[PDB]
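So the structure is just underneath, and the comments pick up after that.
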Amino acid sequence: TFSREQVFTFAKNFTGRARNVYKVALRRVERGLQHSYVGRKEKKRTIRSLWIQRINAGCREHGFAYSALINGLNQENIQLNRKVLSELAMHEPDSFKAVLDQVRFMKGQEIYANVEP
Amino acid sequence: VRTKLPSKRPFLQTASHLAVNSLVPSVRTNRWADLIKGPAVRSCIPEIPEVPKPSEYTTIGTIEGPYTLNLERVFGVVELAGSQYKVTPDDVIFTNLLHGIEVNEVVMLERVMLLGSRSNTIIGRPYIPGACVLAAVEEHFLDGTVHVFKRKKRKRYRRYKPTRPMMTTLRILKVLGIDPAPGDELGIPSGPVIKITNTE
Amino acid sequence: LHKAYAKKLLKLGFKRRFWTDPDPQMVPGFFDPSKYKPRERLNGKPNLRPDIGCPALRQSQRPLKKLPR
Amino acid sequence: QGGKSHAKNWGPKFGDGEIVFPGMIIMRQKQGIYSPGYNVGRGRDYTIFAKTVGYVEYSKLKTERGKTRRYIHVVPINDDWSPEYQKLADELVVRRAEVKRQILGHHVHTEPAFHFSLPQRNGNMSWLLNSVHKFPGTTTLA
Amino acid sequence: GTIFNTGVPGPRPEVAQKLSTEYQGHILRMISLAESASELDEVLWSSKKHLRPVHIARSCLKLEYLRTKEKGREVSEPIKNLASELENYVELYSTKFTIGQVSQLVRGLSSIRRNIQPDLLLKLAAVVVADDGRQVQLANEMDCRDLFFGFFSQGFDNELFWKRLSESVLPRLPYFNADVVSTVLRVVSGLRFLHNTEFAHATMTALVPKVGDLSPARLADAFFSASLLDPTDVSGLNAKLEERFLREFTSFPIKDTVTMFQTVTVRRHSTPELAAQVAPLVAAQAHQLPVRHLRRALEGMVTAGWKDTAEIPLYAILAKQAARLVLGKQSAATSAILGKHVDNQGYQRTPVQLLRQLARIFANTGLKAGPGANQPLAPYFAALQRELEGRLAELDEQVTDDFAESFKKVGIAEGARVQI
Amino acid sequence: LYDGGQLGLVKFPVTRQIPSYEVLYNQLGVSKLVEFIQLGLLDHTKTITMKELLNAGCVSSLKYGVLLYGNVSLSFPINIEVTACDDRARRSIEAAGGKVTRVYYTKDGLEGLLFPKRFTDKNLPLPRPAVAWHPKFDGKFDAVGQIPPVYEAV
RNA sequence: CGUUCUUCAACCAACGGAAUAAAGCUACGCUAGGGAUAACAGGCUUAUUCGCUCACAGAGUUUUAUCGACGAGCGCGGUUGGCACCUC
RNA sequence: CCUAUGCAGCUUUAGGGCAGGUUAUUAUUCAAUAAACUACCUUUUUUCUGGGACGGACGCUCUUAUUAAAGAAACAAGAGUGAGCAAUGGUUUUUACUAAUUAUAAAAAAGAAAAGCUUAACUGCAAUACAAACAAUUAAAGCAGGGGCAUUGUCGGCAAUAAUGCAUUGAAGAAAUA
RNA sequence: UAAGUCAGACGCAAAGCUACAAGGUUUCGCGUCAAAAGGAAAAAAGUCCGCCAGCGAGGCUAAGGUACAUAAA
RNA sequence: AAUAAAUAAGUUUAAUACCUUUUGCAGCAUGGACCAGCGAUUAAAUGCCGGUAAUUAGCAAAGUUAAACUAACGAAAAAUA
Ligand SMILES: [K+]
Ligand SMILES: [K+]
Ligand SMILES: [K+]
Ligand SMILES: [K+]
Ligand SMILES: [Mg+2]
Ligand SMILES: [Mg+2]
Ligand SMILES: [Mg+2]
Ligand SMILES: [Mg+2]
Ligand SMILES: [Mg+2]
Ligand SMILES: [Mg+2]
Ligand SMILES: [Mg+2]
Ligand SMILES: [Mg+2]
Ligand SMILES: [Mg+2]
Ligand SMILES: [Mg+2]
Ligand SMILES: [Mg+2]
Ligand SMILES: [Mg+2]
Ligand SMILES: [Mg+2]
Ligand SMILES: [Mg+2]
Ligand SMILES: [Mg+2]
Ligand SMILES: [Mg+2]
Ligand SMILES: [Mg+2]
Ligand SMILES: [Mg+2]
């Protein structure tokens, strides 16, 4: 069981009797800590959902689809994840478009260490 | 059989076979399956070779004193500590704890996946050979406390286990591999003075 | 005796070796005329009264009866 | 209103090729469905038991009157039907007891050890007591 | 049964009457009645706090009896571990044993081929010889017998130890049994420094009127020792021993007869008794003749000069017997199992020294092995080749030459395997 | 120990046999007597009595007497006086030429045998020996013990 | 007077039988407990009850105007029941 | 309303007692004993159960459904039993026979009946198994003694599956002590 | 462990009792709950997928989904 | 069930107290208005089974108490003489 010092440190921002009354605050503190364990798990699900929505919106502006892009990347051996792709569509439109054109049309110029073999 | 007492039949049969074997020798003395048993092997198929990857991070020197940084017009994507980062000079990133480095040291990151500017883009499949990113180690810190709590209503079950994660902080200094677009060149000194201490 | 029952008896301190106890008066030269007692027949009836009987032969203690008045 | 009689487990105890030792019960039955073969016996309630060391066998026979008869046999170890097999069985019985005692361990006692000796009657050991208990050999004539 | 749970053997009336008694000594009976090494270890473990020197002496003696039961193989792991633990108690009680207890302790540990540590062995010897052996007077015949043979087997060769022991036992030699005296004679023969002492002569003289009481095994050993000790036969023991052997030639076991027969042949007293000697060997050849005794029979017969006869090919059967022992093949026949034939005990690796000796003796016999399809010596060399193939590491330059000489002598020198 | 009401332990019969009074004696093995003599704790050149056994440590505490039992192979004579003996011990000692005598002592007489100094230090006469034993014990004793034993040579 | 062996008998049929034996009333009642268990109400079920369809035999006597059946299926939760899920 | 290591009061031809009065017998110059009547004291008055009461039931065998190993419950169903036999036991011989039980496809080197002789319907022990919480319950090779019928086999009751009761207390025959 | 437990529940599949009724009752085979968080079906003890040492804004899948609510043709 | 996880700070998503008792309770089943103090497997003797040591224990002071131990089948032959 938490001590008085621990309980009131956790409950400093609660409302009414939940702030300074031990019996009321102790039950409020334990329920809140239970919410946090569930919250950290759900955070990982929600953020990935947001990345996909932004990627899909950018793809369709050019006439493409999210599912077509993911399949196309794996065929080209490109391993950029969804967090990076989402940021490219929002802040780097030109680089995001270049990735789409390579996947769809494959018209990029290859680079070799020895330019003139 | 109705009884729940465990049966002793296997014990009674074993005692009979052991007594017979002890006193009466067998007639056969060989077994073909044992005679031609071959040597033990690890597997029946060739092993699958592994795919090489560029080095993650390596030290190249130390920082001598206070410095300043300016903004540039290039960016890249680098893989580090199990996750990818989009970085440009003067950025600060937070990663898991990195072993074998100290504060005020310069490290080299080679797993570069994408380079871009305002006039060109280079895509790695999956990595770009001949590109790198430089960074400075700024912190090895313990993050904020995370309180872990479990309880089961009406079962007299309660567990409390606070913890503090370990992390590392870096500041991006330079991105190498792609030239800035015309008119975007930084024509002044930008970074610190580095004492090179890694010659191979 | 069954193993479960035997351990309880041993745990309680049962250590008898003979069906009955020897009689010191039977040792030659050690007969005391003063401590003479005719041999008696051993009683085989357990005391099963739940009020003043053996606690090991009843489930719980019962209240005592009233005295005549 | 209800009630049920205690169950009797009729049926075989061993199959073909299983090893048995003297005295072991092979079949429990209410009527003589199976008849005794070689190296077996039959109780007054049609219980069939083995009389030697060997393996169990089953066989069917057609009689003169068209009826079907079923036998239970015990076959010697190496198909040895000579009269010298009896002494080999006696040795195997002694050995089997030794094997069991070794497996069980020393703390599974197989003989009693009292603070007194059991009486002797007709040259054997008896579990019944005598009227008076006396030390053996602590008295002289007259 | 009815008394105990399922699978628990019923009581033995013989054992039950021993344990159920009005008299004390329960722990001694438990260790004496143990039937295996593991059982005895459990008894000692559960009774550690009440063990005494008498309990330790019996425990070491029991190792002799357990080893005898487990014959046909070397000392097993459980026996070795049990002996090691017993030694710690011997050191603890080394100053509390009596002469009799020490005698039992040495005998038991010697029978298991266990070498007592020199420091501990010295302490035990000191106890026996302390006070000039005045405490040896309060000992029975069996205690003296085990003292002589027990220490001799251990290898204790202290001159002062044996000098004091001989002096104290000397006056009692005429009153010891024939078997006890024979054991003393064996020790005297093995100890060189007592060969020409008055003790050796006193022992031989004391044995003169007790020849008739010697057992067949002791009688055979006494005749062997007397031949080496008194080649001149001044005491007359050899004459008396030879006379008894002639009278009771067929009344002794095969092993004793072979040993006595070999001694006579090396004494150059051969007589036309070969016909009588051959029949017992062929009658009992599959049993009562291990590898060591088989070699002894060959040397005696070859030295005597008996030649192979059509009716009784003794050399031919001996080769088959030798091949059987080397290969170790067993038989499941009921007669063989009940007869306790030596060949069914299993496989026991034999020293290469015996193999060379047997090969040389067979070669000296004068019979062929290779040329004929079915020759008397064919089975032995065929088995020898198979056995040697699996132990090439033990073959050296000298051993190979020795066998090669034997192979050429018999008539196998073409570099090919034996026909059989 | 209550079993619910079945009371299975009291469903067994009762035996009333009286064990022999000799279970109250101290038991001494012949093999243990010899070991003391060999070690030198007992003098085998003179008669051995229960007083010597008590002082030597063979017997711990005597209230009634000493019972001698067992088999042993002896090479020298022994003369020992005890209260009871079996037949195995008698044969073992007599085989070597010894003599075993069963001596009858009373309660007061046994005290004088074991602790004579307890009477002389107080200037008290020693207890007197018994005259005879009850005929019911015929075949149990050979002679009446004397409080000061008469020692002899062996 | 006591012990052992060979044996039997009585109440144990509430038949693992023992505190030697041995019936009732309480609406004048009291205490400790249960929705682990009933009476009123809710719930589940639908045999029964009620309704509809098929069936058109039989009465009316050209009309399935009107009345109406053997037998089968489906529905209702309002009749008489079953269960013991919520509350002592 | 039901359930208790239940409590109390009341009632009686439920058990036991005599301790006041009456009555009966006996004894000394207000007493002693009690199968009686009144008064008083103390104790007992199961459980299961589609809630409890009312009714019914409580041991032990056979059979039916839950398939063709065993086992398996309900106040489910269909039938027996708390014995009998001095031969209807044991064992030999003969043959125009092959049944019956509460119920049942047992059984031909087996049974039934007929004829003869018999008491093993014993004394002292017993390997090893079936079953089983335990207690007890079931089958049994083999060893010693005395017997029966055969003349070298079988008999430690009855075709098999029910005809039963711990310990305590009491009683009888014999033997050993004191 | 000379411990606790001897109030069990439902799903699919059988049989007895009831009316080839009951979230009824009595046995039996497997599973789940009891003592089991997470995901799908609306809420969801017993159904379907699957067993939580901790943290992270990495990736691939199961049952089930892929015009809006609501991630994906 | 008045909080949690996040956020461009506008907001968005997740989310039916605890205890006791139960086959199953957010329970329309039981207890608590709140704070401070007080409030429940303790002691003795004996017995059984593990762990850790002493190497018999107590008195007395060359002698006594307590405990423990005390016959089971004398069975081995390893000599290249
Ligand atoms: K009852
Ligand atoms: K209510
Ligand atoms: K009901
Ligand atoms: K308040
Ligand atoms: Mg996830
Ligand atoms: Mg009935
Ligand atoms: Mg009862
Ligand atoms: Mg009330
Ligand atoms: Mg209810
Ligand atoms: Mg119910
Ligand atoms: Mg009731
Ligand atoms: Mg039992
Ligand atoms: Mg006969
Ligand atoms: Mg019969
Ligand atoms: Mg119950
Ligand atoms: Mg129950
Ligand atoms: Mg139900
Ligand atoms: Mg529960
Ligand atoms: Mg995917
Ligand atoms: Mg969408
Ligand atoms: Mg409920
Ligand atoms: Mg309240």
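Naming works like this for the structure tokens: A, B, ... for the chains as they're shown, residue 1 at the start of each chain, ligands 1 onward in shown order.
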
Collect all residues with atoms no farther than 7 Å from ligand 2, counting only C-alpha atoms (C1' of nucleotides) and all ligand atoms, and output them as a PDB file with N, CA, C and O atoms (P, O5', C5', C4', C3', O3' and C1' of nucleotides), in the first residue's frame.
```pdb
ATOM      1  P     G G  35     -26.676 -15.624   1.231  1.00  0.00           P
ATOM      2  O5'   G G  35     -27.567 -15.405  -0.071  1.00  0.00           O
ATOM      3  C5'   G G  35     -28.972 -15.206   0.031  1.00  0.00           C
ATOM      4  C4'   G G  35     -29.744 -16.285  -0.688  1.00  0.00           C
ATOM      5  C3'   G G  35     -29.703 -16.216  -2.212  1.00  0.00           C
ATOM      6  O3'   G G  35     -29.822 -17.538  -2.737  1.00  0.00           O
ATOM      7  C1'   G G  35     -31.925 -16.021  -1.497  1.00  0.00           C
ATOM      8  P     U G  87     -29.314 -12.646  -4.851  1.00  0.00           P
ATOM      9  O5'   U G  87     -30.361 -11.949  -3.873  1.00  0.00           O
ATOM     10  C5'   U G  87     -30.145 -10.625  -3.410  1.00  0.00           C
ATOM     11  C4'   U G  87     -31.435  -9.935  -3.043  1.00  0.00           C
ATOM     12  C3'   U G  87     -32.131 -10.426  -1.785  1.00  0.00           C
ATOM     13  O3'   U G  87     -31.565  -9.886  -0.602  1.00  0.00           O
ATOM     14  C1'   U G  87     -33.715 -10.155  -3.531  1.00  0.00           C
ATOM     15  P     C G  88     -30.664 -10.798   0.369  1.00  0.00           P
ATOM     16  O5'   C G  88     -31.689 -11.365   1.447  1.00  0.00           O
ATOM     17  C5'   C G  88     -32.426 -10.482   2.279  1.00  0.00           C
ATOM     18  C4'   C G  88     -33.201 -11.218   3.345  1.00  0.00           C
ATOM     19  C3'   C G  88     -32.386 -11.938   4.408  1.00  0.00           C
ATOM     20  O3'   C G  88     -32.009 -11.052   5.453  1.00  0.00           O
ATOM     21  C1'   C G  88     -34.302 -13.228   3.722  1.00  0.00           C
TER      22        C G  88
END
```

At most 8 Å to chain I: residues in chain A, only C-alpha atoms (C1' of nucleotides), as a ChimeraX atom specification: /A:44,47-49,52-53,67,81,83

Write the residues of the selection above to a file with N, CA and C atoms, as a JSON list (two decimals), in the first residue's frame.
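again_22.json written:
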```json
[["chain", "number", "residue", "atom", "x", "y", "z"],
["A", 44, "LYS", "N", 0.61, 2.99, -29.34],
["A", 44, "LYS", "CA", 1.33, 2.41, -30.47],
["A", 44, "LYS", "C", 0.40, 2.04, -31.61],
["A", 47, "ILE", "N", -0.94, 5.67, -33.42],
["A", 47, "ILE", "CA", 0.01, 6.45, -34.21],
["A", 47, "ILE", "C", 0.22, 5.82, -35.58],
["A", 48, "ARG", "N", 0.30, 4.49, -35.63],
["A", 48, "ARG", "CA", 0.47, 3.82, -36.92],
["A", 48, "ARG", "C", -0.74, 4.04, -37.82],
["A", 49, "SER", "N", -1.93, 4.13, -37.23],
["A", 49, "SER", "CA", -3.12, 4.44, -38.01],
["A", 49, "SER", "C", -3.02, 5.82, -38.63],
["A", 52, "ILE", "N", -0.66, 5.92, -41.77],
["A", 52, "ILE", "CA", -1.21, 5.34, -42.98],
["A", 52, "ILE", "C", -2.19, 6.30, -43.64],
["A", 53, "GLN", "N", -3.00, 7.00, -42.85],
["A", 53, "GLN", "CA", -3.96, 7.95, -43.42],
["A", 53, "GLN", "C", -3.24, 9.04, -44.20],
["A", 67, "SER", "N", -2.15, 0.70, -50.74],
["A", 67, "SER", "CA", -1.84, -0.72, -50.87],
["A", 67, "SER", "C", -0.96, -0.99, -52.08],
["A", 81, "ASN", "N", 10.15, 2.85, -43.68],
["A", 81, "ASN", "CA", 8.99, 2.49, -42.89],
["A", 81, "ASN", "C", 7.92, 3.57, -43.00],
["A", 83, "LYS", "N", 6.64, 5.61, -40.58],
["A", 83, "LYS", "CA", 6.92, 6.87, -39.91],
["A", 83, "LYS", "C", 7.67, 7.82, -40.82]]
```

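Every residue of chain G that lies within 9 Å of chain F is listed here, counting only C-alpha atoms (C1' of nucleotides): residues 3, 4 and 16 of chain G.
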
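Contacts with ligand 1 are defined as any residue atom within 12 Å of a ligand atom, using only C-alpha atoms (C1' of nucleotides) and all ligand atoms; the residues meeting this criterion are residues 5 and 6 of chain F; 12, 13, 14, 15, 16, 17 and 18 of chain G; 46, 47, 48 and 58 of chain H.
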
Contact residues (chain J, partner chain A, 10 Å, only C-alpha atoms (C1' of nucleotides)) as an NGL selection string: :J and (1-6 or 13-15 or 17-18 or 34-35)

Nearest candidate to chain E (options H:4, H:32, H:136, H:129; using only C-alpha atoms (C1' of nucleotides)): H:129

List all protein, DNA and RNA residues that have any atom at most 12 Å from ligand 14, counting only C-alpha atoms (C1' of nucleotides) and all ligand atoms, and write the list as a PDB file with N, CA and C atoms (P, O5', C5', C4', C3', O3' and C1' of nucleotides), in the first residue's frame.
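pocket.pdb written:
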```
ATOM      1  N   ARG D  42      -7.566 -73.810 -13.049  1.00  0.00           N
ATOM      2  CA  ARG D  42      -8.894 -73.214 -12.975  1.00  0.00           C
ATOM      3  C   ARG D  42      -9.420 -73.321 -11.554  1.00  0.00           C
ATOM      4  N   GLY D  43      -9.900 -72.202 -11.016  1.00  0.00           N
ATOM      5  CA  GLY D  43     -10.480 -72.186  -9.693  1.00  0.00           C
ATOM      6  C   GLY D  43     -11.910 -72.686  -9.692  1.00  0.00           C
ATOM      7  N   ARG D  44     -12.480 -72.773  -8.490  1.00  0.00           N
ATOM      8  CA  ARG D  44     -13.856 -73.237  -8.377  1.00  0.00           C
ATOM      9  C   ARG D  44     -14.859 -72.214  -8.892  1.00  0.00           C
ATOM     10  N   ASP D  45     -14.421 -70.989  -9.183  1.00  0.00           N
ATOM     11  CA  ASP D  45     -15.264 -69.970  -9.795  1.00  0.00           C
ATOM     12  C   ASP D  45     -14.818 -69.644 -11.217  1.00  0.00           C
TER      13      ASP D  45
ATOM     14  P     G H  89     -24.089 -83.756  -4.195  1.00  0.00           P
ATOM     15  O5'   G H  89     -22.993 -83.478  -3.074  1.00  0.00           O
ATOM     16  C5'   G H  89     -22.518 -82.164  -2.823  1.00  0.00           C
ATOM     17  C4'   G H  89     -21.365 -82.173  -1.851  1.00  0.00           C
ATOM     18  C3'   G H  89     -20.146 -82.979  -2.276  1.00  0.00           C
ATOM     19  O3'   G H  89     -19.286 -82.275  -3.154  1.00  0.00           O
ATOM     20  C1'   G H  89     -20.736 -83.580  -0.081  1.00  0.00           C
ATOM     21  P     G H  90     -18.572 -83.045  -4.368  1.00  0.00           P
ATOM     22  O5'   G H  90     -17.607 -84.086  -3.650  1.00  0.00           O
ATOM     23  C5'   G H  90     -16.456 -83.649  -2.944  1.00  0.00           C
ATOM     24  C4'   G H  90     -15.577 -84.808  -2.550  1.00  0.00           C
ATOM     25  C3'   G H  90     -15.264 -85.810  -3.650  1.00  0.00           C
ATOM     26  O3'   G H  90     -14.215 -85.384  -4.501  1.00  0.00           O
ATOM     27  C1'   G H  90     -15.919 -86.966  -1.697  1.00  0.00           C
ATOM     28  P     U H  91     -14.307 -85.636  -6.084  1.00  0.00           P
ATOM     29  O5'   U H  91     -13.998 -87.189  -6.241  1.00  0.00           O
ATOM     30  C5'   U H  91     -12.800 -87.748  -5.728  1.00  0.00           C
ATOM     31  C4'   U H  91     -12.873 -89.253  -5.671  1.00  0.00           C
ATOM     32  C3'   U H  91     -13.327 -89.947  -6.944  1.00  0.00           C
ATOM     33  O3'   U H  91     -12.285 -90.092  -7.892  1.00  0.00           O
ATOM     34  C1'   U H  91     -14.490 -90.851  -5.093  1.00  0.00           C
ATOM     35  P     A H 120     -12.508 -86.361   6.785  1.00  0.00           P
ATOM     36  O5'   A H 120     -12.307 -85.310   5.608  1.00  0.00           O
ATOM     37  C5'   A H 120     -12.955 -84.043   5.641  1.00  0.00           C
ATOM     38  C4'   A H 120     -12.917 -83.361   4.297  1.00  0.00           C
ATOM     39  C3'   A H 120     -13.471 -84.187   3.139  1.00  0.00           C
ATOM     40  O3'   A H 120     -14.127 -83.332   2.201  1.00  0.00           O
ATOM     41  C1'   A H 120     -11.205 -83.656   2.718  1.00  0.00           C
ATOM     42  P     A H 121     -15.732 -83.272   2.145  1.00  0.00           P
ATOM     43  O5'   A H 121     -16.112 -82.123   3.180  1.00  0.00           O
ATOM     44  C5'   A H 121     -15.534 -80.826   3.083  1.00  0.00           C
ATOM     45  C4'   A H 121     -16.099 -79.885   4.119  1.00  0.00           C
ATOM     46  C3'   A H 121     -15.991 -80.367   5.564  1.00  0.00           C
ATOM     47  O3'   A H 121     -15.801 -79.251   6.433  1.00  0.00           O
ATOM     48  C1'   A H 121     -18.264 -80.063   5.009  1.00  0.00           C
ATOM     49  P     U H 154      -4.621 -84.691 -10.263  1.00  0.00           P
ATOM     50  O5'   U H 154      -5.870 -84.525  -9.288  1.00  0.00           O
ATOM     51  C5'   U H 154      -7.172 -84.298  -9.806  1.00  0.00           C
ATOM     52  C4'   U H 154      -8.243 -84.888  -8.921  1.00  0.00           C
ATOM     53  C3'   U H 154      -8.447 -84.230  -7.567  1.00  0.00           C
ATOM     54  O3'   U H 154      -9.189 -83.025  -7.639  1.00  0.00           O
ATOM     55  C1'   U H 154      -8.454 -86.582  -7.320  1.00  0.00           C
ATOM     56  P     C H 155      -8.870 -81.819  -6.626  1.00  0.00           P
ATOM     57  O5'   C H 155      -9.608 -82.235  -5.277  1.00  0.00           O
ATOM     58  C5'   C H 155     -11.024 -82.320  -5.214  1.00  0.00           C
ATOM     59  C4'   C H 155     -11.489 -82.931  -3.916  1.00  0.00           C
ATOM     60  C3'   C H 155     -10.984 -82.275  -2.642  1.00  0.00           C
ATOM     61  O3'   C H 155     -11.684 -81.087  -2.312  1.00  0.00           O
ATOM     62  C1'   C H 155     -10.814 -84.628  -2.450  1.00  0.00           C
ATOM     63  P     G H 156     -10.879 -79.741  -1.959  1.00  0.00           P
ATOM     64  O5'   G H 156     -10.499 -79.907  -0.422  1.00  0.00           O
ATOM     65  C5'   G H 156     -11.508 -79.967   0.581  1.00  0.00           C
ATOM     66  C4'   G H 156     -11.272 -78.944   1.665  1.00  0.00           C
ATOM     67  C3'   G H 156     -11.281 -77.492   1.190  1.00  0.00           C
ATOM     68  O3'   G H 156     -11.810 -76.649   2.211  1.00  0.00           O
ATOM     69  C1'   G H 156      -9.181 -77.992   2.137  1.00  0.00           C
ATOM     70  P     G H 157     -13.189 -75.862   1.968  1.00  0.00           P
ATOM     71  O5'   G H 157     -14.088 -76.914   1.178  1.00  0.00           O
ATOM     72  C5'   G H 157     -15.169 -76.492   0.361  1.00  0.00           C
ATOM     73  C4'   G H 157     -16.034 -77.658  -0.044  1.00  0.00           C
ATOM     74  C3'   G H 157     -17.205 -77.340  -0.961  1.00  0.00           C
ATOM     75  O3'   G H 157     -16.818 -77.248  -2.320  1.00  0.00           O
ATOM     76  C1'   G H 157     -17.931 -78.740   0.809  1.00  0.00           C
ATOM     77  P     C H 158     -17.573 -76.248  -3.324  1.00  0.00           P
ATOM     78  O5'   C H 158     -18.965 -76.967  -3.613  1.00  0.00           O
ATOM     79  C5'   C H 158     -19.012 -78.268  -4.191  1.00  0.00           C
ATOM     80  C4'   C H 158     -20.423 -78.794  -4.259  1.00  0.00           C
ATOM     81  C3'   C H 158     -21.325 -78.096  -5.273  1.00  0.00           C
ATOM     82  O3'   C H 158     -22.263 -79.027  -5.809  1.00  0.00           O
ATOM     83  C1'   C H 158     -22.221 -77.818  -3.108  1.00  0.00           C
ATOM     84  P     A H 159     -22.409 -79.205  -7.398  1.00  0.00           P
ATOM     85  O5'   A H 159     -22.711 -77.734  -7.926  1.00  0.00           O
ATOM     86  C5'   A H 159     -23.091 -77.513  -9.275  1.00  0.00           C
ATOM     87  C4'   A H 159     -21.990 -76.848 -10.063  1.00  0.00           C
ATOM     88  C3'   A H 159     -21.728 -75.382  -9.747  1.00  0.00           C
ATOM     89  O3'   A H 159     -20.890 -75.211  -8.617  1.00  0.00           O
ATOM     90  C1'   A H 159     -21.852 -75.684 -12.094  1.00  0.00           C
TER      91        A H 159
END
```

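Inside segment 69-111 of chain F, the residues DSSP reads as alpha helix (DSSP H) when given the backbone are residues 87, 88, 89, 90, 91, 92, 93, 94, 95, 96, 107, 108, 109, 110 and 111 of chain F.
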
Would you list the residues that come within 9 Å of ligand 19? Count only C-alpha atoms (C1' of nucleotides) and all ligand atoms and give the answer as number ranges by chain. A: 70; I: 60-61

Would you export the selected residues with C-alpha atoms (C1' of nucleotides) as a PDB file, in the first residue's frame, please?
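Written out: out.pdb:
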```
ATOM      1  CA  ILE A  70       3.457  -0.942 -50.114  1.00  0.00           C
TER       2      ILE A  70
ATOM      3  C1'   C I  60       5.117  -9.449 -40.315  1.00  0.00           C
ATOM      4  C1'   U I  61       0.583 -11.974 -39.206  1.00  0.00           C
TER       5        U I  61
END
```

Compute the set of protein, DNA and RNA residues whose minimum atom distance to ligand 8 is at most 10 Å, using only C-alpha atoms (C1' of nucleotides) and all ligand atoms, and state it as JSON, numbers by chain. {"G": [30, 31, 32, 33]}

Residues just named, written with N, CA and C atoms (P, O5', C5', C4', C3', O3' and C1' of nucleotides) as a PDB file, in the first residue's frame:
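Result file selection-v9.pdb:
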```
ATOM      1  P     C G  30     -40.095 -14.485  19.189  1.00  0.00           P
ATOM      2  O5'   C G  30     -38.685 -14.727  19.889  1.00  0.00           O
ATOM      3  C5'   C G  30     -38.294 -13.969  21.024  1.00  0.00           C
ATOM      4  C4'   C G  30     -37.037 -14.515  21.652  1.00  0.00           C
ATOM      5  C3'   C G  30     -35.809 -14.577  20.755  1.00  0.00           C
ATOM      6  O3'   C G  30     -35.142 -13.332  20.635  1.00  0.00           O
ATOM      7  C1'   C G  30     -36.055 -16.633  21.884  1.00  0.00           C
ATOM      8  P     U G  31     -34.515 -12.874  19.227  1.00  0.00           P
ATOM      9  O5'   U G  31     -33.101 -13.604  19.177  1.00  0.00           O
ATOM     10  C5'   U G  31     -32.103 -13.319  20.144  1.00  0.00           C
ATOM     11  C4'   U G  31     -30.973 -14.314  20.089  1.00  0.00           C
ATOM     12  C3'   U G  31     -30.242 -14.430  18.762  1.00  0.00           C
ATOM     13  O3'   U G  31     -29.288 -13.403  18.566  1.00  0.00           O
ATOM     14  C1'   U G  31     -30.720 -16.590  19.594  1.00  0.00           C
ATOM     15  P     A G  32     -28.899 -12.927  17.083  1.00  0.00           P
ATOM     16  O5'   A G  32     -28.063 -14.147  16.495  1.00  0.00           O
ATOM     17  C5'   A G  32     -26.828 -14.533  17.078  1.00  0.00           C
ATOM     18  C4'   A G  32     -26.269 -15.767  16.421  1.00  0.00           C
ATOM     19  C3'   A G  32     -26.172 -15.724  14.906  1.00  0.00           C
ATOM     20  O3'   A G  32     -25.031 -15.019  14.448  1.00  0.00           O
ATOM     21  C1'   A G  32     -27.133 -17.777  15.577  1.00  0.00           C
ATOM     22  P     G G  33     -25.082 -14.198  13.069  1.00  0.00           P
ATOM     23  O5'   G G  33     -24.937 -15.325  11.955  1.00  0.00           O
ATOM     24  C5'   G G  33     -25.540 -15.184  10.678  1.00  0.00           C
ATOM     25  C4'   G G  33     -25.693 -16.523  10.005  1.00  0.00           C
ATOM     26  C3'   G G  33     -26.314 -16.515   8.619  1.00  0.00           C
ATOM     27  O3'   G G  33     -25.380 -16.189   7.606  1.00  0.00           O
ATOM     28  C1'   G G  33     -27.326 -18.203   9.931  1.00  0.00           C
TER      29        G G  33
END
```
